[PDB]
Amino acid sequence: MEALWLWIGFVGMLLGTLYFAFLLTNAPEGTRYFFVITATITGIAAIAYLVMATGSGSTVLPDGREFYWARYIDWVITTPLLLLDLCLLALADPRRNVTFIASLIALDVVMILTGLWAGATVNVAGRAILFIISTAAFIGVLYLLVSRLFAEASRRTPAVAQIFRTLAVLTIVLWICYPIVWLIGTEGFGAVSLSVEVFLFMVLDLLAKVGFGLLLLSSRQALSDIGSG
């Protein structure tokens, strides 16, 4: 039954990508890169979901678990881009914040890639230590987001600060759910079926990408505030 959720994920990301590509044509000036980044987030996710939906995004591991690894290839590209969207909202001049941005992105890539490594690992003890390492990097991401970007965004215009805060809270809430789903799904304890796991990630993905992107790209006042500068 997981095929159903993968096809819904595909169509949802596809429709989001097409809509975001459309909104670009009326983007406030100097803001078109937001629309491009956000349509790439959903577009990459659409490709991953199509791959998994057509049966090419998973392998049966030596322990017999079916492992949807294409999921993580999506994530390793799109979660940095989501953070990038948040950085470009919050930071008035990102060219002077290379060290922070590279640090945030590197932590995020370590999180995803160590989670993929944990998921692919059959040895139960190696899987646990790798999940902890991944969660450690995740805490790094949340910390940089909360300690640095919330402060930066408070110096932006009221509309920019408002959409940043909305997207950042949305991000923190949704991203915390992903390790929980991992832990109850087949990669972790197997408390729920693979079909349930795939459904949960599909709902999270659509909210964290299409919901995120709808809120971002509809905030035309905030965008124009940034574009005008």
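Note that residue numbering begins at 1 and tracks the sequence as displayed.
Checked against the record, the higher mean CA B factor of 114-122 and 140-148 lies with 114-122.
For the pair 35-43 and 22-30, the record assigns the higher mean C-alpha temperature factor to 22-30. Note on 184, 172, 50, 61: the highest value goes to 61, judged by CA B factor as recorded.
The PDB entry assigns residue 54 a C-alpha temperature factor belonging to the middle third of its chain's modelled residues. In the deposited entry, the Cα temperature factor of residue 14 sits in the middle third of values across the chain's modelled residues.
Sorting the modelled residues of the chain by their CA temperature factor places residue 222 in the highest third. Ranked against the other modelled residues of its chain, the C-alpha B-factor of residue 81 as given in the entry falls in the lowest third. For residue 104, the recorded CA temperature factor ranks within the lowest third of the chain's modelled residues.
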